[PDB]
Amino acid sequence: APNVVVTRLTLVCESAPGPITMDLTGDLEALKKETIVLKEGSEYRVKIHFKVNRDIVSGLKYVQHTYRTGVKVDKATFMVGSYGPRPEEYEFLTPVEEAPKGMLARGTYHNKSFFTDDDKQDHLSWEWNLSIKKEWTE
Ligand SMILES: O=C(CNC(=O)[C@@H]1CCNC1)N[C@H](c1ccc(-c2ccccc2)cc1)c1cccs1
């Protein structure tokens, strides 16, 4: 088993009608068929769940690349830091952002996420889709 195991991504959104989360331990190809819904203008944070198994790690980084068909990438990088080994998993949260809003903000966004570090180690890379909608349901 690897030292760092990434287990879950959660969109923390207080106004959401239900949990917005994905299991990151399964078929990664299957992850794309799953789409994740955010009402336009919602305040959210991205929460990455991960386990450290054996050794202290340093320089952890979360890298998130968002694509819309035909548009240059929208990239962000987040310092995660140093973590020691323990049975319970850790939770890193980005700062709050506001999802975009308006008719032109609606649609599906294709994300590729990297959990890595300053040693460029690929702790997990995965694609997932996000859908911005006028309301939470349709
Ligand atoms: O809308 C913007 C830029 N403007 C803002 O971000 C301000 C910030 C405050 N209010 C609006 N980018 C778009 C985007 C949309 C959604 C996300 C996303 C991903 C992951 C989770 C949640 C959401 C990421 C980016 C585009 C990406 C690609 C082409 S356009």
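Count residues from 1 along the sequence.
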Got a sec, which residues hit side-chain hydrogen bond (donor to acceptor under 3.5 Å, both in side chains) with [X], two or more places apart in sequence or on another chain?
{"X": "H123", "answer": "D117"}
{"X": "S58", "answer": "none"}
{"X": "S125", "answer": "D122"}
{"X": "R45", "answer": "none"}

In Å, rounded to the nearest 0.5 Å, how long is the span from [atom1] of [X] to [atom2] of [Y]?
{"X": "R8", "Y": "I48", "atom1": "CZ", "atom2": "CD1", "answer": "11.0 Å"}
{"X": "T66", "Y": "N111", "atom1": "OG1", "atom2": "CG", "answer": "4.0 Å"}
{"X": "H49", "Y": "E89", "atom1": "NE2", "atom2": "CD", "answer": "6.5 Å"}
{"X": "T116", "Y": "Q121", "atom1": "OG1", "atom2": "CD", "answer": "7.5 Å"}

Please write out which residues are connected to [X] in a hydrophobic cluster, directly or through intermediates, given that two of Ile, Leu, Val, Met, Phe, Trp, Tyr count as joined at side-chain heavy-atom separations below 4.5 angstrom.
{"X": "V63", "result": "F114"}
{"X": "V12", "result": "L93"}
{"X": "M79", "result": "none"}
{"X": "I56", "result": "none"}

Measure across [X] and [Y] and return the closest heavy-atom pair with its distance rounded to 0.1 Å.
{"X": "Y44", "Y": "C13", "value": "CB-CB, 4.4 Å"}
{"X": "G59", "Y": "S82", "value": "N-OG, 4.3 Å"}
{"X": "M22", "Y": "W126", "value": "SD-NE1, 4.2 Å"}
{"X": "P100", "Y": "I132", "value": "O-CG2, 3.9 Å"}
{"X": "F50", "Y": "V6", "value": "CB-CA, 4.1 Å"}
{"X": "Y90", "Y": "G84", "value": "OH-O, 2.6 Å"}

Cluster overlap [X] with [Y], hydrophobic side-chain contacts below 4.5 Å:
{"X": "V5", "Y": "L31", "answer": "no"}
{"X": "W128", "Y": "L24", "answer": "yes"}
{"X": "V37", "Y": "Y67", "answer": "no"}

Inset, instruction - Not counting sequence neighbours, which residues clear salt bridge (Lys or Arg N to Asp or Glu O under 4.0 Å) with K39? List them please. - result: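 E135.
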Legend entry - Set of salt bridge (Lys or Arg N to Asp or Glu O under 4.0 Å) partners for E43, sequence neighbours left out: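 With neighbours one apart ignored, the set is empty.
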With a 4.5 Å heavy-atom cut-off, do [X] and [Y] have their side chains touching?
{"X": "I20", "Y": "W136", "answer": "yes"}
{"X": "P85", "Y": "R54", "answer": "no"}
{"X": "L11", "Y": "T21", "answer": "no"}
{"X": "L9", "Y": "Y62", "answer": "yes"}

Inset, instruction - List the steps, then state whether side-chain contact (heavy atoms from CB on, under 4.5 Å) holds for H110 with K112. - result: CA-CA 7 Å; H110 312 102; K112 187 142 171 184; over 6 Å; no
Legend entry - Pair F92 + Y83: ring centers closer than 6.0 Å: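 Not under 6.0 Å, so no.
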Legend entry - Backbone of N129 reached by a side-chain donor or acceptor of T35 within 3.5 Å: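 Judged by distance alone, no pair lies under 3.5 Å.
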Inset, instruction - Could you pull out all residues at least two apart from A76 that satisfy side chain to side chain contact (heavy atoms under 4.5 Å, CB included)? - result: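 Expected list: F78.
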Inset, instruction - Taking atom CD of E88 as the centre, report whether more than 12 heavy atoms of other residues, nucleotides or ligands fall under 6.0 Å from it. - result: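 Yes - once you tally the heavy atoms of other residues, nucleotides and ligands closer than 6.0 Å, there are more than 12.
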Legend entry - Flag if over 12 foreign heavy atoms under 6.0 Å of NZ, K51: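 12 or below, so no.
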Legend entry - Pair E97-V46, side-chain contact (heavy atoms from CB on, under 4.5 Å): steps then yes or no: CA-CA 9 Å; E97 320 196 32; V46 183; over 6 Å; no
Inset, instruction - Please list all pairs passing the side chain to side chain donor-acceptor pair (under 3.5 Å) test where one or both residues lie in residues 99-109, with sequence neighbours left out. - result: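 Qualifying pairs: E40-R106, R68-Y109.
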Inset, instruction - Using the side-chain hydrogen bond (donor to acceptor under 3.5 Å, both in side chains) rule, take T25 and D23 through it: C-alpha gap first, then chi angles, then the decisive distance, then the call. - result: CA-CA 6 Å; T25 63; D23 181 3; 2.6 Å; yes
